[PDB]
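Okay, entry-v9.pdb is below, PDB, C-alpha atoms and all ligand atoms:
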ATOM      1  CA  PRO N 168      -2.357  19.016  45.778
ATOM      2  CA  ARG N 169      -5.516  19.798  43.782
ATOM      3  CA  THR N 170      -4.250  18.889  40.289
ATOM      4  CA  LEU N 171      -2.466  15.718  41.471
ATOM      5  CA  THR N 172      -4.587  12.785  40.278
ATOM      6  CA  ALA N 173      -4.506   9.005  39.873
ATOM      7  CA  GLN N 174      -2.799   9.182  36.459
ATOM      8  CA  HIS N 175       0.426  10.445  38.084
ATOM      9  CA  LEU N 176       0.859   7.507  40.487
ATOM     10  CA  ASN N 177       4.284   5.827  40.397
ATOM     11  CA  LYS N 178       6.058   8.924  39.032
ATOM     12  CA  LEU N 179       8.301  11.633  40.452
ATOM     13  CA  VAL N 180       6.414  14.876  41.118
ATOM     14  CA  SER N 181       6.885  18.368  42.556
ATOM     15  CA  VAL N 182       4.198  19.651  44.934
ATOM     16  CA  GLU N 183       3.630  23.180  46.234
ATOM     17  CA  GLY N 184       1.683  24.178  49.312
ATOM     18  CA  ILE N 185       1.794  24.991  53.011
ATOM     19  CA  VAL N 186       2.878  22.713  55.858
ATOM     20  CA  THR N 187      -0.012  22.351  58.298
ATOM     21  CA  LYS N 188       1.197  19.786  60.850
ATOM     22  CA  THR N 189       4.286  17.785  61.810
ATOM     23  CA  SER N 190       4.536  14.747  64.076
ATOM     24  CA  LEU N 191       7.004  13.710  66.753
ATOM     25  CA  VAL N 192      10.374  12.354  65.648
ATOM     26  CA  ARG N 193      10.456   8.709  66.693
ATOM     27  CA  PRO N 194      13.271   6.127  66.554
ATOM     28  CA  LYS N 195      12.990   3.052  64.338
ATOM     29  CA  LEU N 196      14.733  -0.232  65.169
ATOM     30  CA  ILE N 197      16.792  -1.842  62.394
ATOM     31  CA  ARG N 198      19.318  -4.191  64.037
ATOM     32  CA  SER N 199      19.173  -5.539  67.610
ATOM     33  CA  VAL N 200      22.074  -7.201  69.463
ATOM     34  CA  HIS N 201      21.913  -9.637  72.397
ATOM     35  CA  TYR N 202      24.123 -11.445  74.923
ATOM     36  CA  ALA N 203      24.084 -14.979  76.344
ATOM     37  CA  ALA N 204      25.735 -15.395  79.740
ATOM     38  CA  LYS N 205      25.865 -19.188  79.390
ATOM     39  CA  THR N 206      27.951 -19.112  76.189
ATOM     40  CA  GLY N 207      29.571 -15.659  76.110
ATOM     41  CA  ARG N 208      28.273 -14.967  72.599
ATOM     42  CA  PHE N 209      26.383 -12.092  70.971
ATOM     43  CA  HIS N 210      23.570 -12.495  68.433
ATOM     44  CA  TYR N 211      21.795 -10.065  66.098
ATOM     45  CA  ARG N 212      18.783  -9.750  63.789
ATOM     46  CA  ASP N 213      17.526  -7.400  61.058
ATOM     47  CA  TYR N 214      14.143  -5.765  60.444
ATOM     48  CA  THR N 215      12.633  -4.036  57.401
ATOM     49  CA  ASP N 216       9.337  -2.607  56.155
ATOM     50  CA  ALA N 217       7.575  -1.546  52.971
ATOM     51  CA  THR N 218       8.543   2.156  53.085
ATOM     52  CA  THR N 219      12.299   1.657  52.535
ATOM     53  CA  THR N 220      12.573   0.075  49.057
ATOM     54  CA  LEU N 221      10.896   1.528  45.984
ATOM     55  CA  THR N 222      10.097  -1.926  44.551
ATOM     56  CA  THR N 223       7.777  -4.542  46.013
ATOM     57  CA  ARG N 224       9.400  -7.412  47.909
ATOM     58  CA  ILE N 225       8.041 -10.593  49.453
ATOM     59  CA  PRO N 226       7.462  -9.816  53.160
ATOM     60  CA  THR N 227       9.701 -11.353  55.817
ATOM     61  CA  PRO N 228       8.029 -11.018  59.250
ATOM     62  CA  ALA N 229      10.860 -11.919  61.638
ATOM     63  CA  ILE N 230      10.308 -11.986  65.397
ATOM     64  CA  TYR N 231      12.070 -10.459  68.396
ATOM     65  CA  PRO N 232      14.580 -12.970  69.828
ATOM     66  CA  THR N 233      14.495 -13.675  73.558
ATOM     67  CA  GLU N 234      15.959 -17.188  73.442
ATOM     68  CA  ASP N 235      19.036 -18.905  72.050
ATOM     69  CA  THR N 236      19.194 -21.867  69.662
ATOM     70  CA  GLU N 237      19.670 -24.098  72.733
ATOM     71  CA  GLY N 238      17.366 -22.247  75.155
ATOM     72  CA  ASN N 239      19.783 -19.832  76.857
ATOM     73  CA  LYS N 240      18.278 -16.540  78.000
ATOM     74  CA  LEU N 241      19.506 -13.400  76.239
ATOM     75  CA  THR N 242      20.118  -9.910  77.600
ATOM     76  CA  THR N 243      19.191  -7.019  75.313
ATOM     77  CA  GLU N 244      22.011  -4.565  74.551
ATOM     78  CA  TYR N 245      20.301  -1.236  73.895
ATOM     79  CA  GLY N 246      23.553   0.638  73.270
ATOM     80  CA  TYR N 247      24.714  -1.764  70.568
ATOM     81  CA  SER N 248      21.500  -1.780  68.522
ATOM     82  CA  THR N 249      20.913   0.622  65.626
ATOM     83  CA  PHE N 250      17.983   3.063  65.493
ATOM     84  CA  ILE N 251      17.023   5.479  62.535
ATOM     85  CA  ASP N 252      14.566   8.443  63.057
ATOM     86  CA  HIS N 253      11.050   8.925  61.479
ATOM     87  CA  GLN N 254       8.593  11.779  60.893
ATOM     88  CA  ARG N 255       5.373  12.458  58.963
ATOM     89  CA  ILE N 256       4.062  15.811  57.674
ATOM     90  CA  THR N 257       0.943  17.034  55.858
ATOM     91  CA  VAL N 258       0.872  19.544  52.990
ATOM     92  CA  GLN N 259      -1.987  21.723  51.740
ATOM     93  CA  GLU N 260      -2.482  24.222  48.920
ATOM     94  CA  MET N 261      -1.343  27.764  49.637
ATOM     95  CA  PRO N 262      -4.143  30.202  50.564
ATOM     96  CA  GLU N 263      -3.257  32.698  47.816
ATOM     97  CA  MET N 264      -3.335  30.087  45.038
ATOM     98  CA  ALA N 265      -6.481  28.277  46.214
ATOM     99  CA  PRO N 266     -10.025  28.985  44.960
ATOM    100  CA  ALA N 267     -11.937  31.259  47.320
ATOM    101  CA  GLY N 268     -14.768  29.758  49.332
ATOM    102  CA  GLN N 269     -13.771  26.156  48.537
ATOM    103  CA  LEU N 270     -12.470  23.455  50.859
ATOM    104  CA  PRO N 271      -8.760  22.607  50.485
ATOM    105  CA  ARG N 272      -6.845  19.521  49.380
ATOM    106  CA  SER N 273      -3.972  17.879  51.246
ATOM    107  CA  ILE N 274      -1.305  15.198  50.837
ATOM    108  CA  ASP N 275       0.853  13.151  53.221
ATOM    109  CA  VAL N 276       4.664  13.091  53.044
ATOM    110  CA  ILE N 277       6.875  10.557  54.837
ATOM    111  CA  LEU N 278      10.412  11.604  55.775
ATOM    112  CA  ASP N 279      13.156   9.508  57.348
ATOM    113  CA  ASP N 280      16.634   9.871  58.815
ATOM    114  CA  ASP N 281      18.303  13.129  57.746
ATOM    115  CA  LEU N 282      15.278  14.935  56.246
ATOM    116  CA  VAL N 283      13.369  14.574  59.503
ATOM    117  CA  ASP N 284      13.347  18.061  61.065
ATOM    118  CA  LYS N 285      13.654  20.545  58.187
ATOM    119  CA  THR N 286      10.344  22.431  58.527
ATOM    120  CA  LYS N 287       7.739  23.669  60.996
ATOM    121  CA  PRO N 288       3.968  24.153  60.760
ATOM    122  CA  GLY N 289       2.933  27.177  58.730
ATOM    123  CA  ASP N 290       5.637  27.219  56.056
ATOM    124  CA  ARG N 291       5.698  27.510  52.291
ATOM    125  CA  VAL N 292       7.346  24.374  50.939
ATOM    126  CA  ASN N 293       8.163  22.512  47.733
ATOM    127  CA  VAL N 294       8.550  18.734  47.957
ATOM    128  CA  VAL N 295       9.771  16.193  45.400
ATOM    129  CA  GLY N 296       9.243  12.465  45.749
ATOM    130  CA  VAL N 297       7.476   9.348  44.529
ATOM    131  CA  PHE N 298       3.677   9.140  44.697
ATOM    132  CA  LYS N 299       3.146   5.607  46.013
ATOM    133  CA  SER N 300       0.161   3.310  46.384
ATOM    134  CA  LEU N 301       0.433   1.008  49.398
ATOM    135  CA  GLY N 302      -1.194  -2.163  50.675
ATOM    136  CA  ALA N 303      -4.387  -3.678  49.312
ATOM    137  CA  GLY N 304      -7.446  -1.473  48.979
ATOM    138  CA  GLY N 305      -9.824  -3.902  50.654
ATOM    139  CA  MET N 306      -9.494  -6.669  48.051
ATOM    140  CA  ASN N 307      -8.212  -9.100  50.707
ATOM    141  CA  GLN N 308     -11.659  -9.093  52.326
ATOM    142  CA  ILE N 315     -12.536   3.730  50.243
ATOM    143  CA  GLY N 316      -9.628   2.802  47.998
ATOM    144  CA  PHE N 317      -5.853   2.540  48.070
ATOM    145  CA  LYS N 318      -3.484   4.242  50.499
ATOM    146  CA  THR N 319      -1.526   6.999  48.748
ATOM    147  CA  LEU N 320       1.411   9.028  50.042
ATOM    148  CA  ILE N 321       4.675  10.640  48.955
ATOM    149  CA  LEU N 322       8.021   9.174  50.030
ATOM    150  CA  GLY N 323      10.040  12.365  50.262
ATOM    151  CA  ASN N 324      13.534  12.771  48.854
ATOM    152  CA  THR N 325      13.777  16.575  48.496
ATOM    153  CA  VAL N 326      12.266  19.271  50.738
ATOM    154  CA  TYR N 327      12.799  22.943  49.846
ATOM    155  CA  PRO N 328      11.733  25.849  52.094
ATOM    156  CA  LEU N 329      10.333  28.847  50.202
ATOM    157  CA  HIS N 330       9.826  32.477  51.208
ATOM    158  CA  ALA N 331       6.677  34.543  50.676
ATOM    159  CA  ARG N 332       5.306  37.886  51.808
ATOM    160  CA  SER N 333       4.013  37.810  55.391
ATOM    161  CA  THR N 334       5.452  34.429  56.351
ATOM    162  CA  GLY N 335       7.826  33.037  58.956
ATOM    163  CA  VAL N 336      10.474  31.735  56.542
ATOM    164  CA  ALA N 337      13.334  34.170  56.000
ATOM    165  CA  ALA N 338      14.924  35.043  52.659
ATOM    166  CA  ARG N 339      18.666  34.625  52.107
ATOM    167  CA  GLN N 340      20.785  34.739  48.953
ATOM    168  CA  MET N 341      24.168  33.235  48.130
ATOM    169  CA  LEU N 342      26.841  35.910  47.775
ATOM    170  CA  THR N 343      29.275  35.698  44.884
ATOM    171  CA  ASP N 344      32.774  37.099  45.239
ATOM    172  CA  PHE N 345      31.887  39.509  42.438
ATOM    173  CA  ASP N 346      28.922  40.651  44.540
ATOM    174  CA  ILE N 347      31.183  41.083  47.561
ATOM    175  CA  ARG N 348      33.560  43.235  45.533
ATOM    176  CA  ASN N 349      30.820  45.719  44.618
ATOM    177  CA  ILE N 350      29.441  45.703  48.177
ATOM    178  CA  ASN N 351      32.880  46.524  49.591
ATOM    179  CA  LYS N 352      33.750  49.008  46.834
ATOM    180  CA  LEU N 353      30.603  51.067  47.480
ATOM    181  CA  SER N 354      31.598  51.670  51.102
ATOM    182  CA  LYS N 355      34.637  53.906  50.617
ATOM    183  CA  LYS N 356      32.680  56.647  48.835
ATOM    184  CA  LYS N 357      31.433  59.019  51.539
ATOM    185  CA  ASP N 358      27.858  59.379  50.332
ATOM    186  CA  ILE N 359      26.795  55.697  50.925
ATOM    187  CA  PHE N 360      23.940  56.865  53.180
ATOM    188  CA  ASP N 361      22.448  59.213  50.586
ATOM    189  CA  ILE N 362      22.672  56.780  47.661
ATOM    190  CA  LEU N 363      21.106  53.963  49.678
ATOM    191  CA  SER N 364      18.487  56.271  51.196
ATOM    192  CA  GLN N 365      17.241  57.787  47.935
ATOM    193  CA  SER N 366      16.793  54.312  46.419
ATOM    194  CA  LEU N 367      14.211  53.405  49.085
ATOM    195  CA  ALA N 368      10.944  53.443  47.117
TER     196      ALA N 368
ATOM    197  CA  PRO R 147      -0.574 -69.386  78.577
ATOM    198  CA  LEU R 148      -1.002 -67.371  75.398
ATOM    199  CA  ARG R 149      -4.566 -68.661  74.842
ATOM    200  CA  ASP R 150      -5.654 -67.672  78.386
ATOM    201  CA  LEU R 151      -5.763 -63.926  77.631
ATOM    202  CA  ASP R 152      -9.057 -62.076  77.989
ATOM    203  CA  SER R 153     -10.496 -58.632  78.722
ATOM    204  CA  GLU R 154      -9.462 -58.875  82.380
ATOM    205  CA  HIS R 155      -5.719 -58.567  81.753
ATOM    206  CA  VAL R 156      -5.932 -55.133  79.884
ATOM    207  CA  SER R 157      -3.624 -52.402  81.482
ATOM    208  CA  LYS R 158      -2.210 -55.192  83.754
ATOM    209  CA  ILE R 159       1.149 -57.099  84.007
ATOM    210  CA  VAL R 160       1.360 -60.679  82.705
ATOM    211  CA  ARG R 161       4.077 -63.353  82.469
ATOM    212  CA  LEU R 162       4.325 -65.356  79.243
ATOM    213  CA  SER R 163       6.405 -68.089  77.602
ATOM    214  CA  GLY R 164       6.849 -68.967  73.951
ATOM    215  CA  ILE R 165       9.092 -69.098  70.897
ATOM    216  CA  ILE R 166      10.338 -66.232  68.710
ATOM    217  CA  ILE R 167       9.739 -66.413  64.956
ATOM    218  CA  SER R 168      10.084 -62.788  63.795
ATOM    219  CA  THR R 169      12.365 -59.836  64.496
ATOM    220  CA  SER R 170      12.011 -56.673  62.421
ATOM    221  CA  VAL R 171      14.623 -54.018  61.636
ATOM    222  CA  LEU R 172      15.410 -51.319  64.170
ATOM    223  CA  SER R 173      13.438 -48.101  63.730
ATOM    224  CA  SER R 174      14.337 -44.562  64.791
ATOM    225  CA  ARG R 175      12.181 -42.616  67.258
ATOM    226  CA  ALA R 176      12.762 -39.160  68.698
ATOM    227  CA  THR R 177      13.457 -38.270  72.311
ATOM    228  CA  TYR R 178      14.488 -34.605  72.005
ATOM    229  CA  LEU R 179      13.197 -32.378  69.190
ATOM    230  CA  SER R 180      14.183 -28.823  68.258
ATOM    231  CA  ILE R 181      11.905 -26.949  65.856
ATOM    232  CA  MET R 182      11.534 -23.615  64.066
ATOM    233  CA  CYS R 183       8.621 -21.680  62.360
ATOM    234  CA  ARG R 184       9.124 -21.143  58.598
ATOM    235  CA  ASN R 185       7.277 -17.682  58.596
ATOM    236  CA  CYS R 186       8.359 -15.778  61.854
ATOM    237  CA  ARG R 187      11.458 -17.920  62.968
ATOM    238  CA  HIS R 188      10.211 -18.732  66.547
ATOM    239  CA  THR R 189      12.155 -21.630  68.187
ATOM    240  CA  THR R 190      11.209 -24.137  70.886
ATOM    241  CA  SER R 191      11.896 -27.696  72.055
ATOM    242  CA  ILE R 192      10.106 -30.971  72.825
ATOM    243  CA  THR R 193      11.007 -33.844  75.175
ATOM    244  CA  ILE R 194       9.500 -37.346  74.947
TER     245      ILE R 194
HETATM  246 ZN    ZN P   1       5.256 -18.312  63.346
END
Here is the file; what I need is its structure written in the form of structure tokens.
Amino acid sequence: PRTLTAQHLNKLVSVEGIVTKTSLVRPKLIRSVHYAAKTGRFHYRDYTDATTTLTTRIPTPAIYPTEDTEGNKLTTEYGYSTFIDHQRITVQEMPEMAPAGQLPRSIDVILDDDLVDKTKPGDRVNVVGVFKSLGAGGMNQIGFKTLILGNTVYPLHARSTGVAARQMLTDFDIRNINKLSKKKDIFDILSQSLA
Amino acid sequence: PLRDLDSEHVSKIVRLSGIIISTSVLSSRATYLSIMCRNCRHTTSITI
């Protein structure tokens, strides 16, 4: 987060640091379905925003339908609509790689749908994603709004930290682990190898 | 008569006689209008 500058915007990057805060997982409305009792018909609509497509589009600000093309009143069908989850997290440079006595640097990561609940505050993490500039930096009237749209989130383990360490076991590894057992001095061999 | 019209008879009912010399073509005028917004897609109606 300290060596990430304005010359790396619009490129895929890997960032190291510590997770300092996570927000509440909220639903996001995509498609909404309705019912008209005067015609027995169901209607739908779609919604989109700027944080779902990597390229810039022309905005379409559609509205929430309460009324039919003739004027019939519509009932909202909450069970038939589609919702997708959302979360935001903040990353900061790890305390044992940061310069002593100096204030730290941080970066915002946006996660959606399946990557929404993978970490907790106070974790070592590695994130990969696109470093995006958003909106207009006051030219319609500080600078531009910058954030990472996450695609990969890796938990990492370090000494004196709440993330556990696990390894993938190969069948070859299993064979040695199981072979060692039969010999009746397992305790001594494992004990003498402890520091 | 047609020459006996003055400021008095304005917003009032009169009875008149004469001869017809012109008749235009029929024009179209609205009575019920349905509309939509080109940006947000809001719909409404108008009655005349
Ligand atoms: Zn509008």
Checklist line | Distance filter 8 Å, only C-alpha atoms, chain R against chain N, as a list in words | finding: residues 185, 186, 187, 188, 189 and 190 of chain R
Item checked: Polymer residues at most 8 Å from residue N:169, all atoms listed in the file, same-chain spacing of 4 or more positions, as a list in words -> residues 260, 271, 272 and 273 of chain N
Run the PyMOL selection byres (((chain R and resi 148) around 8) and not hetatm) against the file shown and list the residues it catches, as an mmCIF file with C-alpha atoms, in the coordinates of the input.
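Below you can see part.cif, which holds the result:
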data_model
loop_
_atom_site.group_PDB
_atom_site.id
_atom_site.type_symbol
_atom_site.label_atom_id
_atom_site.label_comp_id
_atom_site.auth_asym_id
_atom_site.auth_seq_id
_atom_site.Cartn_x
_atom_site.Cartn_y
_atom_site.Cartn_z
ATOM 1 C CA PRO R 147 -0.574 -69.386 78.577
ATOM 2 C CA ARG R 149 -4.566 -68.661 74.842
ATOM 3 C CA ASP R 150 -5.654 -67.672 78.386
ATOM 4 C CA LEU R 151 -5.763 -63.926 77.631
ATOM 5 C CA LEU R 162 4.325 -65.356 79.243
ATOM 6 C CA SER R 163 6.405 -68.089 77.602
#
Spatial neighbours of residue N:240, max dist 12 Å, all atoms listed in the file, sep filter under 5 positions, as a compact mmCIF listing (two decimals) with C-alpha atoms, keeping the file's coordinate frame:
# COMPACT_ATOMS: atom_id res chain seq x y z
CA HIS N 201 21.91 -9.64 72.40
CA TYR N 202 24.12 -11.44 74.92
CA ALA N 203 24.08 -14.98 76.34
CA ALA N 204 25.74 -15.40 79.74
CA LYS N 205 25.86 -19.19 79.39
CA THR N 206 27.95 -19.11 76.19
CA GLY N 207 29.57 -15.66 76.11
CA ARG N 208 28.27 -14.97 72.60
CA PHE N 209 26.38 -12.09 70.97
CA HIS N 210 23.57 -12.50 68.43
CA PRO N 232 14.58 -12.97 69.83
CA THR N 233 14.50 -13.68 73.56
CA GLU N 234 15.96 -17.19 73.44
CA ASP N 235 19.04 -18.90 72.05
Would you kindly return, as a PDB file with C-alpha atoms, in the frame of the given file, each protein, DNA or RNA residue with an atom no farther than 12 Å from any atom of residue N:281, considering only C-alpha atoms and excluding same-chain residues fewer than 6 positions away?
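New file part.pdb:
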ATOM      1  CA  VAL N 192      10.374  12.354  65.648  1.00  0.00           C
ATOM      2  CA  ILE N 251      17.023   5.479  62.535  1.00  0.00           C
ATOM      3  CA  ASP N 252      14.566   8.443  63.057  1.00  0.00           C
ATOM      4  CA  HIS N 253      11.050   8.925  61.479  1.00  0.00           C
ATOM      5  CA  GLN N 254       8.593  11.779  60.893  1.00  0.00           C
ATOM      6  CA  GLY N 323      10.040  12.365  50.262  1.00  0.00           C
ATOM      7  CA  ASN N 324      13.534  12.771  48.854  1.00  0.00           C
ATOM      8  CA  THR N 325      13.777  16.575  48.496  1.00  0.00           C
ATOM      9  CA  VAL N 326      12.266  19.271  50.738  1.00  0.00           C
TER      10      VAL N 326
END
Item checked: Shell of 9 Å around residue R:194, all atoms listed in the file, local chain residues under 2 positions omitted, as a ChimeraX atom specification -> /R:176-179,192
Next item on the list: Apply the PyMOL selection byres (((chain N and resi 336) around 10) and not hetatm) to the displayed file and report the matching residues as a PyMOL selection string.
Entry: chain N and resi 286-287+289-292+328-335+337-339
Checklist line | Å distance separating atom CA of residue N:294 from atom CA of residue N:322, one decimal place | finding: 9.8 Å
How big is the axis-aligned box around all listed atoms of stretch 350-358 of chain N once 6 Å goes on each side, and where's its centre, in Å to one decimal, as lines of an AutoDock Vina configuration file?
center_x = 31.2
center_y = 52.5
center_z = 49.2
size_x = 18.8
size_y = 25.7
size_z = 16.7
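For the choices N:259, N:351, N:222, N:308, the atom-to-atom distance to residue N:293 is smallest for N:259 when using only C-alpha atoms.
Here atom CA of residue N:277 is placed at a distance of 6.6 Å from atom CA of residue N:256.
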